[PDB]
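Visitor:
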Ligand SMILES: N[C@@H](CCC(=O)O)C(=O)O
Ligand SMILES: N[C@@H](CCC(=O)O)C(=O)O
Ligand SMILES: N[C@@H](CCC(=O)O)C(=O)O
Ligand SMILES: N[C@@H](CCC(=O)O)C(=O)O
Ligand SMILES: N[C@@H](CCC(=O)O)C(=O)O
Ligand SMILES: N[C@@H](CCC(=O)O)C(=O)O
Ligand SMILES: N[C@@H](CCC(=O)O)C(=O)O
Ligand SMILES: N[C@@H](CCC(=O)O)C(=O)O
Ligand SMILES: [N+]
Ligand SMILES: [N+]
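Chains as they are written, first to last, in PDB author numbering: chain B, 4 to 424; chain A, 4 to 424; chain C, 4 to 424; chain D, 4 to 424.
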């Protein structure tokens, strides 16, 4: 029986449950418990009424799903977008259960959304919306229950309002009720670069397993936003060189090496990578064929496909963006012997630092930049190592290994606790 | 914007929503606020895992909806049925908002359900399902927040289980967390005949508005279940003659009067109304056109239609069943000038006594049967008179007016309380 | 298996335990649940340190027991006596469960004790002892959890201290946390005469059942404290003739009848019955054999015995005292055809007015003396009626029947509720 | 002047209380406060009903005792054994107050027990038993109140179930509600070897004070389970010579020494020590009389007894077990000038790691094995240092000095906080 409240096509949720299906062969004694993964623990649909600037009331659909809770409080961001749907928010929570268990955070999986176009609202209106939403899901929330975070179209500003609103309602300041707060509000050092640095940490852990030296290595990187330039800087700081960067404006190439800091100025200065004087322009499609040690897809989804996977000369692909390589491209890349570090752990840097933020918030005692990076390495190098060991011991690719690890840990937590009530 | 999570399906929810649309022209300055009735305040969808008797785990869908909370805690029964759906549970909670506001109960509108065939579960499995569902909806529940009740395929037994579960969870005995409990557990006297008694009380109020004498009046009753037979008993006991009852098995007719206590012994033993010694059989289609003062449909829906409305010679129709008369049949009865006491207030006796149960539960001081009946009478005549009054002011029929009374009160609570947060 | 922490012997507990055993044959399908009655739900032993007037600290043993809580919160007094023991507090809690169920109060049974001789403490030390105890048992207290009352060597003064200690500790006025409070603090009117009035109400109900007229009737009364002189006032004010009163002095007798107010005036002067101008003296032994309609023992335990029970000529014995008759006396009175209204319900007026205090405390609305006495008649006539019905049903004496009604109500609440967790 | 609810012989508790007496002469100005240690603050006795696999209900005695709670929340294992009595749970809670204080953990003393033979139950019955128990003692539990742990016949499995029952009852993730959990649920690393390592760390501190060389020092060890083999391993890794080992199968002596890792996989194959190819057999009472520097009794209680203490020719006895020396055996070992590091600090490795578990659980941030170990040394060296100095300052044996430090720290806490309420 699929879930009756989704109707004939279950959409994004079906895609999630199919992946649980595919992981079932590798679960051993835990396999029967896998059924619990195909239904969310808790779905909460709330109305969120908002007095608009004219003084009239608008009504919005807000959601908060706790996909699974066996391993700890629900954790997962909150998205404002006109195309938000029950189905998607459930699926996304399902992915957070997987991601958080694969990287070894002490959390279950949760997500939230409000179906609204935030570009149609004033800053005032957005504030009132965040506040009402926070109040409405208040029965879910707590640093030991469910810790929202930023997602599509939300950030530090919204997170301050959730915090502030839960803290006023509840009668005390509780910084850890959300993460991705500003520093001033109990936020954490090292958030901005977390993800791009974690791509490097995980890429470099793979390189040691295959005896690839980092100091010599060449790097090509797609996307130069927060993740891309952070990855760029880390590779460049460890002795590697960035020989090409592609983004939405154009592509630039220089086998001798591009300076990430130098390029970045130009990126805000003009708008994109195009016209960087210390490199030559390159056609969109050739980027993928460059002889490199490291390729970092850190931009849009569906960028390494059946159409170009044969062109890839990289020894290691480290996934910065969510889902940059298609299932077809995986098969091709496995064939060509290229190591793919899956988005699941490769991009987990941000979620790890927000875990760090939750942690510092309990006794309001904040860590230095350097303790953040050191502890970020410990978490992600341990996640790469556990995913590597499973990939070897079961003869599956790293991506399949990541989902086996995740499911295995959630299902072990559940087997231990037992069924109660 | 209709609710996106329903999909282009309205179903039972769209029927509720259209009734709201139909009331808007009578709402005056409260009208803009009617939009709020077209979205439940909250929906909670839960997974209810249950260890079956065969050692395996089954997963059921549970729902608890709070449609509107403005006049009070959400109040409404819980249904166990394999056809239970999100949209159904929403719509029924919407009708609860409306029923409570028209009967004048200090409650909001709630509803719950499990998608399960209880026929297929043993008593043990049923217990374990009930406990886990009540644990799962724990966060909603409490005498001041949400009070479930029996509905389709649940009764005393399930209510005992819900009370004890929540009580054990919270380490206090909290009798008022559900209603329809057994007396031994803080139930209320008078509950069984309540709805039936209430059909009469409503028909009597109606009678007094048109100068119709109850002593010596003739009644015909379709349905001889808990509602039907208690309504007959009430009528008899206030001096009316029951002359015809139509059943499953047929119709019996006798102008001298049928003793309902005698007839009941027959329906209990023999199996149904057919073959009752002290009356003659009657052909089903002849029931509707009989010369009588009161007609009480207390059986299935859509029993009074275009096909038979013109034959009805009753001065008062009192709706014991939900939806026994079609809108077309309404228009006909209006044209003939027969008063229709609408199901919304007419069959509210059971709901009114559950409320008395919750009242009594707050200090565990229990009322006598007579006291229950007298306070029941107060509630139901207050409800009739309020509807009558709106019916006369706006020149609309009783049915419309009951819906107008409900909406006006809910929006009135909301207008005074205001928008917060 | 017997309770290990009591060891071999009992002793008050094994006595209660045996009464449970004797009731089992009459329990029907509830019989296998009766084992639960032979174990306290909860036993709390506290140390109560108290600063003495001389500046030193002393350490007293404190106890609170919840024998059974299937029917409602624990209810029972706190006793201060140097011979208080764990075993005794347990058995007394057992007797509270039975008592509350037999009279039909919505309460489980509890008891408390402190092992202290209160004659040797100053009022200042007794306040400090009371305040510390209530604190130590506070995890247990609350109007919906556990409601203490006065008992041996406690009264209004220390109930006022318990209420205050709990209230201050919890930050709210919670009058309903204990009963037996001063009326200035949310006590109930009608407390002084409750037990005596109850002895009458219950006697008169028995009289009805045997066609015995109260107006004609002669009454002998042992004891003339609160229970005895209120019983006497009640009997006289309903047209009965009080012909004999025995006190700690001696006995007075008058066939024409004694005015109990005039007697009471004479006792408040002379300190007891004796030389009462309007009655002749009688030797103590002639008292029990007086030809009367009603005999009321309202003094100490064990006053009706193998020694004097065979001499009784009364048609009705109505037990005002706690256990005034021995089991061997019950056997004798049974053969002689004398009706014994058992103490469990006969003396319950006090405990019922405490119930009323608690009920009134929920919303701080207090009833008139007229209302308390009407409501008290209702409780005790109902209690007597239920005991009567089981006595006839099962062909057993009233005493035994009271124990059966009690154990049935407890066990039925337990069966309905189920076993959880 | 003993507690009334234990009778004239209080067995275990009397022994604890007698031990408090003998400590009073060393307490200085805190000596009058010592009476407080002769009472348990709180004794809770629950009934724990379980549904058996055969459908019938069994009732078990459950206990939780808080001996003292001045220094912090209560801390102590829960034991399932058919010999568990109120007296014993009390004693063990008392020893826990001493132990926790002696090592400098921020905990008061507690202990639980169920009186049951767990070998008579199926794993399902053992679960339902565990969950009922944790429910019944619910009112006591919380990371800031009472934090249970494993003891006789309990382990990781029961703890998981306690964490789960409690977390579900309360609707929050609360890992720190018990310790000794699986790592997957918030357990700590380094729990397997903690006691073993502690025995060594604590034996070394004793050496570094009596001018004893660890290195070439010969070590005899009774018991080769978790405690024994980790002790041998750390003695070995620190240059020492494991010359003898005795578990249940026999004893294996070897002048030249035994490499424990080699001995381990031998016991992890043939069942015990008995058949070890790389040593000669010279058992059994011979083992005790061996000329050694370190004797580690790490098996059962009462092993070094008033009947075999004579043979002992070791310089330092380091107690890995609980109570491996009778008091008469202490006198003889004092006589021969042999150092006995008392079990109260010598085996406190496990309890320190439990403390670390609880610490890590507050923000769910988990320490490396290297960190656990450095932190465990820091704690156990400080404990010894404090115990040593008092043994010297007051010229008393190491065991008595630990008890004195323990009594002093508790009473100082009690004196600083003062008496209240
Ligand atoms: N006792 C929990 C297991 C943990 C979980 O699933 O979150 C349950 O039955 O659901
Ligand atoms: N939007 C991402 C990241 C949030 C974060 O920075 O913690 C999520 O839901 O997990
Ligand atoms: N099924 C009805 C029952 C009302 C009641 O008996 O309390 C409801 O849900 O409103
Ligand atoms: N403050 C409430 C009032 C209406 C209600 O309680 O439903 C709101 O804006 O939602
Ligand atoms: N000592 C009485 C209570 C006194 C009262 O409530 O009036 C009892 O425990 O039953
Ligand atoms: N659920 C309760 C029912 C009986 C009671 O409340 O005492 C139990 O298992 O013990
Ligand atoms: N069984 C020991 C140690 C438990 C632990 O490892 O923390 C106790 O109850 O104190
Ligand atoms: N105020 C506490 C201090 C000792 C403790 O906390 O146990 C008391 O009177 O007992
Ligand atoms: N993902
Ligand atoms: N009323």
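Even for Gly, the Cβ is constructed at its ideal location relative to N, Cα and C.
Can you pull the chain D residues whose beta carbon is under 9 Å from the beta carbon of residue 62 of chain C, in chain order?
Guide: Simply 38, 39, 41, 42.
Visitor: Residues of chain D with a CB under 7 Å from the CB of residue 419 of chain B: which are they?
Guide: Under the 7 Å cutoff, chain D gives 163, 185, 187, 188.
Visitor: For residue 14 of chain D, which residues in the same chain have their Cβ closer than 7 Å to its Cβ, ignoring the five residues on either side in sequence?
Guide: Result list for residue 14 of chain D: 90, in chain order.
Visitor: DSSP state of residue 222 of chain C, grouped into three classes?
Guide: Of the three classes helix, strand and coil, the one that applies to residue 222 of chain C here is strand, per DSSP.
Visitor: Skipping 5 residues on each side, what residues in its chain have a beta carbon closer than 6 Å to that of residue 52 of chain A?
Guide: Once the five neighbours on either side are set aside, the close Cβ partners of residue 52 of chain A are 60, 62.
Visitor: At what residues does the beta strand (DSSP E) containing residue 207 of chain A begin and finish?
Guide: Run containing residue 207 of chain A: none in the beta strand (DSSP E); it sits in the alpha helix (DSSP H), 197-213.
Visitor: Answer with yes or no whether the minimum CB distance from residue 365 of chain D to chain B is below 9 Å.
Guide: Chain B, which has a Cβ nearer than 9 Å to the Cβ of residue 365 of chain D, makes this yes.
Visitor: What span of residues does the alpha helix (DSSP H) with residue 395 of chain D cover, start to end?
Guide: Note, residue 395 of chain D: alpha helix (DSSP H), 372-396.
Visitor: What would DSSP say about residue 181 of chain A, mapped onto helix, strand or coil?
Guide: Note: residue 181 of chain A maps to coil in three-state DSSP.
Visitor: Check distances from the C-beta atoms of the stretch 140-156 of chain D to those of chain A and list, in chain order, the residues that come in under 9 Å.
Guide: Listed by position, the residues of the stretch 140-156 of chain D near chain A (Cβ gap below 9 Å) are 141, 142.
Visitor: Assign residue 49 of chain D to one of two classes, buried (16 or more other C-beta atoms within 10 Å of its C-beta) or exposed (fewer than that).
Guide: Under this definition residue 49 of chain D is a buried residue.
Visitor: Shorter than 8 Å, the distance from the beta carbon of residue 61 of chain B to the closest heavy atom of ligand 4, or not?
Guide: Not so, every heavy atom of ligand 4 lies at least 8 Å from the Cβ.
Visitor: Kindly indicate which three-state DSSP category residue 425 of chain A falls into: helix, strand or coil?
Guide: Because chain A spans 4 through 424 in this model, residue 425 of chain A falls outside it and cannot be assessed.
Visitor: Leaving out the 5 sequence neighbours to the left and right, which residues in its chain are closer than 8 Å to residue 219 of chain B when beta-carbon positions are compared?
Guide: Excluding residues within five positions, the ones whose Cβ falls inside 8 Å are 242, 243, 296.
Visitor: Given that a residue counts as buried once 16 or more other Cβ atoms are within 10 Å of its Cβ, and exposed if not, what is residue 117 of chain B?
Guide: Looking at its Cβ environment, which holds 16 or more other Cβ atoms inside 10 Å, residue 117 of chain B is buried.
Visitor: Please classify residue 224 of chain B as buried or exposed, where buried requires at least 16 neighbouring CB atoms within 10 angstroms.
Guide: Residue 224 of chain B should be labelled buried.
Visitor: Compute the Euclidean distance between the alpha carbons of residue 33 of chain D and residue 407 of chain D, then round it to the nearest angstrom.
Guide: Approximately 11 Å, taken between the alpha carbons.
Visitor: Following the continuous beta strand (DSSP E) through residue 114 of chain C, name the residue where it begins and the one where it ends.
Guide: Counting along the chain, the beta strand (DSSP E) containing residue 114 of chain C begins and ends at 111-117.
Visitor: Could you tell me whether the Cβ of residue 318 of chain D comes closer than 9 Å to any Cβ of chain C?
Guide: No, its Cβ sits nowhere closer than 9 Å to a Cβ of chain C.
Visitor: Secondary structure at residue 329 of chain A, three-state DSSP: helix, strand or coil?
Guide: Note: residue 329 of chain A maps to coil in three-state DSSP.
Visitor: Based on DSSP bridge pairs, tell me the residues matched to residue 71 of chain A.
Guide: Partner(s): A:112.
Visitor: Please list, in chain order, all residues of the same chain as residue 347 of chain D whose beta carbon is under 7 Å from its beta carbon, the five residues on each side excluded.
Guide: Around residue 347 of chain D: 101, 102, 105, 405.
Visitor: Below 8 Å, how does it come out for the stretch 166-183 of chain B and the stretch 337-352 of chain B: are there three or more Cβ pairs, yes or no?
Guide: Taking 8 Å as the limit for Cβ pairs, the verdict is that the stretch 337-352 of chain B does not touch the stretch 166-183 of chain B.
Visitor: What would DSSP say about residue 137 of chain C, mapped onto helix, strand or coil?
Guide: The answer is helix: DSSP assigns residue 137 of chain C an H, G or I state.
Visitor: Run through the DSSP bridge pairs and tell me what residue 297 of chain C is partnered with.
Guide: Residue 297 of chain C pairs with C:222, C:319.
Visitor: So residue 246 of chain A and residue 232 of chain A are in contact, right, with Cβ under 8 Å, and what is the actual spacing, rounded?
Guide: Not quite, the Cβ-Cβ distance comes to about 15 Å (not below 8 Å), so this is no contact.
Visitor: What are the boundary residues of the alpha helix (DSSP H) that includes residue 79 of chain C?
Guide: Element bounds for residue 79 of chain C: not the alpha helix (DSSP H) but the beta strand (DSSP E), 77-83.
Visitor: Over what stretch of residues does the beta strand (DSSP E) that includes residue 150 of chain D continue unbroken?
Guide: 149-153 is the span of the beta strand (DSSP E), which, as asked, contains residue 150 of chain D.
Visitor: So what does DSSP say about residue 54 of chain B, is it helix, strand or coil?
Guide: Three-state result, residue 54 of chain B: strand.
Visitor: Taking 9 Å as the threshold (beta carbon to beta carbon), is residue 75 of chain B in contact with chain D?
Guide: Chain D, which has a Cβ nearer than 9 Å to the Cβ of residue 75 of chain B, makes this yes.
Visitor: Work out the CA separation of residue 416 of chain D and residue 399 of chain D for me, nearest whole Å.
Guide: In a straight line, the C-alpha of residue 399 of chain D is about 23 Å away from that of residue 416 of chain D.
Visitor: Under 9 Å, do residue 197 of chain B and residue 356 of chain B count as touching if we go by C-beta distance?
Guide: In this structure, residue 356 of chain B lies closer than 9 Å to residue 197 of chain B by Cβ.
Visitor: Return yes when at least one heavy atom of ligand 1 lies under 8 Å from the C-beta of residue 416 of chain B, else no.
Guide: Yes, the beta carbon of residue 416 of chain B sits closer than 8 Å to at least one heavy atom of ligand 1.
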